[PDB]
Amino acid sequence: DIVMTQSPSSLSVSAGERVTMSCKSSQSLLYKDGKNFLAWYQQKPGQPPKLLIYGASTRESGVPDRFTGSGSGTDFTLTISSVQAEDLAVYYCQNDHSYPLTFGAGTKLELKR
């Protein structure tokens, strides 16, 4: 199996500020076409996961530009440039093409008052 290592496990930030979170895979996710088979999901409290990004950096429809996914091969990043109250959630990265498909353990993002 492909192990996805996420960090940090949790962070606390005030609104409007930048955060970065890391996801490393134990195997390369990069394919022939320059394509990285890596998704990011957001799971708000009491809700199912929702696909935010696939292909390492393509945002889904409706996902704001304050989310950016980057990186390639094994080392990926999700940055939120200005965190807002509705971004409170657990973020997971996933190996989404090589079975069994595997999530990392998540980064919990909490808002500071």
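Don't overthink the numbering: it's just position in the shown sequence, from 1.
Engineer: Mean C-alpha B factor from the entry: is it higher for 27-35 or for 73-81?
Structural biologist: According to the PDB entry, the answer is 27-35.
Engineer: State which stretch shows the higher mean Cα B factor in the entry: 49-57 or 64-72.
Structural biologist: Result of the comparison: 64-72.
Engineer: Return the residue from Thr20, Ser9, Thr102, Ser14 that has the highest Cα B-factor in the entry.
Structural biologist: In the PDB entry, the greatest C-alpha B-factor among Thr20, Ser9, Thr102, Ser14 is found at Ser14.
Engineer: Please place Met4 in the lowest, middle or highest third of its chain according to the CA B-factor in the PDB entry.
Structural biologist: CA B-factor rank for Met4: lowest third.
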